[PDB]
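Colleague: Enclosed is the structure file entry_30.pdb (PDB, C-alpha atoms and all ligand atoms).
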```
ATOM      1  CA  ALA A 766     -16.929  30.907   5.755  1.00  0.00           C
ATOM      2  CA  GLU A 767     -14.245  31.427   3.003  1.00  0.00           C
ATOM      3  CA  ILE A 768     -13.497  28.567   0.665  1.00  0.00           C
ATOM      4  CA  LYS A 769     -10.316  26.789   1.790  1.00  0.00           C
ATOM      5  CA  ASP A 770      -7.652  26.279  -0.802  1.00  0.00           C
ATOM      6  CA  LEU A 771      -6.661  22.728  -1.872  1.00  0.00           C
ATOM      7  CA  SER A 772      -3.096  23.575  -0.859  1.00  0.00           C
ATOM      8  CA  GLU A 773      -4.252  23.375   2.820  1.00  0.00           C
ATOM      9  CA  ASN A 774      -5.291  19.700   2.394  1.00  0.00           C
ATOM     10  CA  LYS A 775      -3.643  17.220   4.735  1.00  0.00           C
ATOM     11  CA  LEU A 776      -2.291  14.191   2.908  1.00  0.00           C
ATOM     12  CA  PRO A 777      -3.268  10.621   3.759  1.00  0.00           C
ATOM     13  CA  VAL A 778      -1.233   8.811   6.422  1.00  0.00           C
ATOM     14  CA  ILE A 779      -0.340   5.272   5.337  1.00  0.00           C
ATOM     15  CA  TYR A 780      -0.322   2.273   7.662  1.00  0.00           C
ATOM     16  CA  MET A 781       1.328  -0.523   5.673  1.00  0.00           C
ATOM     17  CA  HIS A 782       1.920  -4.001   7.042  1.00  0.00           C
ATOM     18  CA  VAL A 783       3.994  -6.234   4.766  1.00  0.00           C
ATOM     19  CA  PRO A 784       5.571  -9.278   6.528  1.00  0.00           C
ATOM     20  CA  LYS A 785       9.321  -9.427   6.316  1.00  0.00           C
ATOM     21  CA  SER A 786       9.168 -13.028   4.978  1.00  0.00           C
ATOM     22  CA  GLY A 787       6.834 -15.114   2.849  1.00  0.00           C
ATOM     23  CA  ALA A 788       6.965 -18.551   1.233  1.00  0.00           C
ATOM     24  CA  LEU A 789       7.275 -19.509  -2.406  1.00  0.00           C
ATOM     25  CA  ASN A 790       3.867 -20.300  -3.979  1.00  0.00           C
ATOM     26  CA  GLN A 791       1.957 -19.568  -0.763  1.00  0.00           C
ATOM     27  CA  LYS A 792      -0.562 -16.781  -0.217  1.00  0.00           C
ATOM     28  CA  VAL A 793       0.637 -13.825   1.813  1.00  0.00           C
ATOM     29  CA  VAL A 794      -1.637 -10.981   2.956  1.00  0.00           C
ATOM     30  CA  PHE A 795      -0.649  -7.299   3.184  1.00  0.00           C
ATOM     31  CA  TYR A 796      -2.624  -4.794   5.221  1.00  0.00           C
ATOM     32  CA  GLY A 797      -3.433  -1.166   4.644  1.00  0.00           C
ATOM     33  CA  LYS A 798      -5.886  -1.164   7.574  1.00  0.00           C
ATOM     34  CA  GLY A 799      -5.593   1.978   9.668  1.00  0.00           C
ATOM     35  CA  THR A 800      -4.539   4.185   6.757  1.00  0.00           C
ATOM     36  CA  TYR A 801      -6.440   7.461   7.276  1.00  0.00           C
ATOM     37  CA  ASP A 802      -6.912  10.957   6.070  1.00  0.00           C
ATOM     38  CA  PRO A 803      -6.518  13.446   8.996  1.00  0.00           C
ATOM     39  CA  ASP A 804      -8.986  15.908   7.421  1.00  0.00           C
ATOM     40  CA  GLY A 805     -11.119  13.698   5.161  1.00  0.00           C
ATOM     41  CA  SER A 806     -11.328  10.137   4.052  1.00  0.00           C
ATOM     42  CA  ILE A 807      -9.393   7.588   2.019  1.00  0.00           C
ATOM     43  CA  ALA A 808     -10.488   7.318  -1.586  1.00  0.00           C
ATOM     44  CA  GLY A 809      -8.181   4.596  -3.005  1.00  0.00           C
ATOM     45  CA  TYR A 810      -5.287   2.188  -2.615  1.00  0.00           C
ATOM     46  CA  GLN A 811      -2.771   0.997  -5.204  1.00  0.00           C
ATOM     47  CA  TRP A 812      -0.325  -1.828  -4.348  1.00  0.00           C
ATOM     48  CA  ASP A 813       2.610  -2.751  -6.554  1.00  0.00           C
ATOM     49  CA  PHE A 814       3.798  -6.221  -5.441  1.00  0.00           C
ATOM     50  CA  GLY A 815       7.213  -5.670  -6.987  1.00  0.00           C
ATOM     51  CA  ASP A 816       7.072  -8.774  -9.187  1.00  0.00           C
ATOM     52  CA  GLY A 817       5.478  -7.346 -12.387  1.00  0.00           C
ATOM     53  CA  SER A 818       1.931  -8.374 -11.459  1.00  0.00           C
ATOM     54  CA  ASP A 819      -1.120  -6.183 -12.032  1.00  0.00           C
ATOM     55  CA  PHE A 820      -1.457  -3.639  -9.266  1.00  0.00           C
ATOM     56  CA  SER A 821      -4.142  -4.149  -6.614  1.00  0.00           C
ATOM     57  CA  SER A 822      -6.787  -1.582  -5.617  1.00  0.00           C
ATOM     58  CA  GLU A 823      -7.631  -3.521  -2.429  1.00  0.00           C
ATOM     59  CA  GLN A 824      -6.995  -2.262   1.100  1.00  0.00           C
ATOM     60  CA  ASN A 825      -5.612  -5.614   2.298  1.00  0.00           C
ATOM     61  CA  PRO A 826      -4.570  -7.711  -0.764  1.00  0.00           C
ATOM     62  CA  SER A 827      -3.478 -11.329  -0.796  1.00  0.00           C
ATOM     63  CA  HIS A 828      -0.752 -12.336  -3.260  1.00  0.00           C
ATOM     64  CA  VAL A 829       1.319 -15.358  -4.299  1.00  0.00           C
ATOM     65  CA  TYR A 830       4.954 -14.843  -5.217  1.00  0.00           C
ATOM     66  CA  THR A 831       6.142 -17.483  -7.740  1.00  0.00           C
ATOM     67  CA  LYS A 832       9.901 -17.067  -7.438  1.00  0.00           C
ATOM     68  CA  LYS A 833      12.261 -16.717  -4.463  1.00  0.00           C
ATOM     69  CA  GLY A 834      13.864 -13.310  -3.969  1.00  0.00           C
ATOM     70  CA  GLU A 835      13.410  -9.911  -2.354  1.00  0.00           C
ATOM     71  CA  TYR A 836      10.553  -7.756  -3.630  1.00  0.00           C
ATOM     72  CA  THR A 837       9.888  -4.073  -3.075  1.00  0.00           C
ATOM     73  CA  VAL A 838       6.219  -3.478  -2.334  1.00  0.00           C
ATOM     74  CA  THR A 839       4.900  -0.005  -3.012  1.00  0.00           C
ATOM     75  CA  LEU A 840       1.608   1.356  -1.686  1.00  0.00           C
ATOM     76  CA  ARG A 841       0.146   4.594  -3.006  1.00  0.00           C
ATOM     77  CA  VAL A 842      -2.997   6.044  -1.384  1.00  0.00           C
ATOM     78  CA  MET A 843      -5.315   8.815  -2.545  1.00  0.00           C
ATOM     79  CA  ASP A 844      -7.518  10.886  -0.238  1.00  0.00           C
ATOM     80  CA  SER A 845     -10.884  12.589  -0.722  1.00  0.00           C
ATOM     81  CA  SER A 846      -9.129  15.647  -2.270  1.00  0.00           C
ATOM     82  CA  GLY A 847      -7.335  13.578  -4.922  1.00  0.00           C
ATOM     83  CA  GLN A 848      -3.935  13.987  -3.248  1.00  0.00           C
ATOM     84  CA  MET A 849      -1.484  11.138  -2.656  1.00  0.00           C
ATOM     85  CA  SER A 850       1.021   9.563  -0.255  1.00  0.00           C
ATOM     86  CA  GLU A 851       3.310   6.584  -0.825  1.00  0.00           C
ATOM     87  CA  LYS A 852       5.298   4.046   1.294  1.00  0.00           C
ATOM     88  CA  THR A 853       7.446   1.047   0.489  1.00  0.00           C
ATOM     89  CA  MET A 854       8.398  -2.172   2.277  1.00  0.00           C
ATOM     90  CA  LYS A 855      10.461  -5.246   1.378  1.00  0.00           C
ATOM     91  CA  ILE A 856       9.407  -8.886   1.494  1.00  0.00           C
ATOM     92  CA  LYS A 857      11.867 -11.781   1.204  1.00  0.00           C
ATOM     93  CA  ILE A 858      10.386 -14.910  -0.415  1.00  0.00           C
ATOM     94  CA  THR A 859      12.069 -18.219   0.489  1.00  0.00           C
ATOM     95  CA  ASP A 860      11.007 -21.842   0.060  1.00  0.00           C
TER
HETATM   96 CA    CA B   1      -7.025  15.088   3.122  1.00  0.00          CA
END
```
Would you mind writing the file's structure down as structure tokens?
Modeller:
Amino acid sequence: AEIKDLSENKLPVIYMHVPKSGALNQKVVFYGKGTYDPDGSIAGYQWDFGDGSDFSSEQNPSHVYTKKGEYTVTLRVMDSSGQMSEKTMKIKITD
């Protein structure tokens, strides 16, 4: 069998569940569950909560937003070949 080039790698497919709404000062949970690599495995997650907080490396992070507003959440995922996909969602924080 010939060695297959890295350019043939299939990228990770992101499943990202961010609720449309959350409440000020209350824990919300986001889910990356189901994210998969069609020809390998998932090697890492990176969530940006959109509020200046440290990013999370968790699959399914909890977070508290401490001001009302709309936040863009970005999830980047790396597969077992070191290659990446990204998705975004918006959450609106109200009282
Ligand atoms: Ca792959």
Colleague: So which residues are near ligand CA 1 (chain B), meaning at most 8 Å away with only C-alpha atoms and all ligand atoms counted, given back as a list in words?
Modeller: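 Counting only C-alpha atoms and all ligand atoms, the residues within 8 Å of ligand CA 1 (chain B) come out as residues 774, 775, 776, 777, 802, 803, 804, 805, 806, 807, 844, 845, 846 and 848 of chain A.
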Colleague: With only C-alpha atoms as the basis for distance, which of A:849, A:788, A:808, A:783 is at the shortest distance from residue 826 (chain A)?
Modeller: A:783
Colleague: Taking the file as shown, find all residues satisfying the PyMOL selection byres (((chain A and resi 827) around 7) and not hetatm) and write them as an NGL selection string.
Modeller: :A and (792-795 or 825-826 or 828)
Colleague: Using all atoms listed in the file for the distances, tell me which of A:798, A:811, A:840, A:785 is nearest to residue 858 (chain A).
Modeller: A:785
Colleague: What would the selection look like, as a list in words, if the PyMOL selection byres (((chain A and resi 830) around 7) and not hetatm) were run on the coordinates I just shared?
Modeller: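 When the PyMOL selection byres (((chain A and resi 830) around 7) and not hetatm) is applied to the shown file, the picked residues are residues 789, 790, 828, 829, 831 and 832 of chain A.
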Colleague: Could you give me, as number ranges by chain, the residues that have an atom at most 7 Å away from the point (-7.2, 2.9, -0.5) in the coordinates of the file, using all atoms listed in the file?
Modeller: A: 807-811, 822-824, 842-843
Colleague: Starting from the PyMOL selection byres (((chain A and resi 781) around 6) and not hetatm), expand the selection into actual residues of this file and give them as a PyMOL selection string.
Modeller: chain A and resi 780+782+796-797
Colleague: Which one is closest to residue 813 (chain A): A:791, A:839, A:859, A:800? Count all atoms listed in the file.
Modeller: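 Among the listed residues, the smallest separation from residue 813 (chain A) belongs to A:839.
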Colleague: Mind pulling up the distance from CA of residue 821 (chain A) to CA of residue 860 (chain A)?
Modeller: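 One can read the CA of residue 860 (chain A) to CA of residue 821 (chain A) distance as 24.2 Å.
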Colleague: Would you compute an axis-aligned box for region 788-791 of chain A, covering every atom listed for it in the file with 6 Å of margin on each side, and report centre and edge lengths in Å to one decimal as JSON?
Modeller:
```
{"center_x": 4.6, "center_y": -19.4, "center_z": -1.4, "size_x": 17.3, "size_y": 13.7, "size_z": 17.2}
```
Colleague: Could you check which of A:818, A:778, A:770, A:836 is closest to residue 852 (chain A), using all atoms listed in the file?
Modeller: A:778
Colleague: Please compute the CA of residue 819 (chain A)-CA of residue 854 (chain A) distance, one decimal, in Å.
Modeller: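 These two atoms are separated by 17.6 Å.
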Colleague: How far is it from CA of residue 771 (chain A) to CA of residue 799 (chain A), in Å with one decimal?
Modeller: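 Calculated distance between CA of residue 771 (chain A) and CA of residue 799 (chain A) is 23.8 Å.
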Colleague: Which one is closest to residue 841 (chain A): A:784, A:769, A:816, A:853? Count only C-alpha atoms.
Modeller: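 The shortest atom-to-atom distance to residue 841 (chain A) comes from A:853.
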Colleague: Using all atoms listed in the file, find the one residue out of A:773, A:801, A:766, A:857 that sits nearest to residue 834 (chain A).
Modeller: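 For residue 834 (chain A), the nearest of the candidates is A:857.
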Colleague: Kindly complete region 822-836 of chain A to N, CA and C atoms; the output should be written as a PDB file, keeping the file's coordinate frame.
Modeller:
```pdb
ATOM      1  N   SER A 822      -6.037  -2.712  -6.176  1.00  0.00           N
ATOM      2  CA  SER A 822      -6.787  -1.582  -5.617  1.00  0.00           C
ATOM      3  C   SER A 822      -7.400  -1.900  -4.259  1.00  0.00           C
ATOM      4  N   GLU A 823      -7.049  -3.066  -3.706  1.00  0.00           N
ATOM      5  CA  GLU A 823      -7.631  -3.521  -2.429  1.00  0.00           C
ATOM      6  C   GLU A 823      -6.954  -2.812  -1.245  1.00  0.00           C
ATOM      7  N   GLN A 824      -7.637  -2.751  -0.110  1.00  0.00           N
ATOM      8  CA  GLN A 824      -6.995  -2.262   1.100  1.00  0.00           C
ATOM      9  C   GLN A 824      -5.991  -3.301   1.605  1.00  0.00           C
ATOM     10  N   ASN A 825      -6.401  -4.567   1.632  1.00  0.00           N
ATOM     11  CA  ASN A 825      -5.612  -5.614   2.298  1.00  0.00           C
ATOM     12  C   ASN A 825      -5.481  -6.833   1.336  1.00  0.00           C
ATOM     13  N   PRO A 826      -4.644  -6.701   0.300  1.00  0.00           N
ATOM     14  CA  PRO A 826      -4.570  -7.711  -0.764  1.00  0.00           C
ATOM     15  C   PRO A 826      -3.842  -8.968  -0.333  1.00  0.00           C
ATOM     16  N   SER A 827      -4.266 -10.105  -0.893  1.00  0.00           N
ATOM     17  CA  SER A 827      -3.478 -11.329  -0.796  1.00  0.00           C
ATOM     18  C   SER A 827      -2.698 -11.475  -2.121  1.00  0.00           C
ATOM     19  N   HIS A 828      -1.601 -12.198  -2.057  1.00  0.00           N
ATOM     20  CA  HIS A 828      -0.752 -12.336  -3.260  1.00  0.00           C
ATOM     21  C   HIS A 828       0.095 -13.589  -3.118  1.00  0.00           C
ATOM     22  N   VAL A 829       0.411 -14.196  -4.252  1.00  0.00           N
ATOM     23  CA  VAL A 829       1.319 -15.358  -4.299  1.00  0.00           C
ATOM     24  C   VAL A 829       2.547 -14.945  -5.087  1.00  0.00           C
ATOM     25  N   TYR A 830       3.743 -15.072  -4.482  1.00  0.00           N
ATOM     26  CA  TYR A 830       4.954 -14.843  -5.217  1.00  0.00           C
ATOM     27  C   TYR A 830       5.487 -16.198  -5.762  1.00  0.00           C
ATOM     28  N   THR A 831       5.825 -16.231  -7.039  1.00  0.00           N
ATOM     29  CA  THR A 831       6.142 -17.483  -7.740  1.00  0.00           C
ATOM     30  C   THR A 831       7.590 -17.672  -8.039  1.00  0.00           C
ATOM     31  N   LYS A 832       8.438 -16.852  -7.428  1.00  0.00           N
ATOM     32  CA  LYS A 832       9.901 -17.067  -7.438  1.00  0.00           C
ATOM     33  C   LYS A 832      10.499 -16.566  -6.131  1.00  0.00           C
ATOM     34  N   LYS A 833      11.529 -17.245  -5.614  1.00  0.00           N
ATOM     35  CA  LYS A 833      12.261 -16.717  -4.463  1.00  0.00           C
ATOM     36  C   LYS A 833      12.913 -15.402  -4.797  1.00  0.00           C
ATOM     37  N   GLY A 834      13.130 -14.589  -3.767  1.00  0.00           N
ATOM     38  CA  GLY A 834      13.864 -13.310  -3.969  1.00  0.00           C
ATOM     39  C   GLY A 834      13.333 -12.256  -3.030  1.00  0.00           C
ATOM     40  N   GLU A 835      13.851 -11.044  -3.171  1.00  0.00           N
ATOM     41  CA  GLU A 835      13.410  -9.911  -2.354  1.00  0.00           C
ATOM     42  C   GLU A 835      12.602  -9.016  -3.275  1.00  0.00           C
ATOM     43  N   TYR A 836      11.437  -8.568  -2.828  1.00  0.00           N
ATOM     44  CA  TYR A 836      10.553  -7.756  -3.630  1.00  0.00           C
ATOM     45  C   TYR A 836      10.276  -6.469  -2.893  1.00  0.00           C
TER      46      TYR A 836
END
```
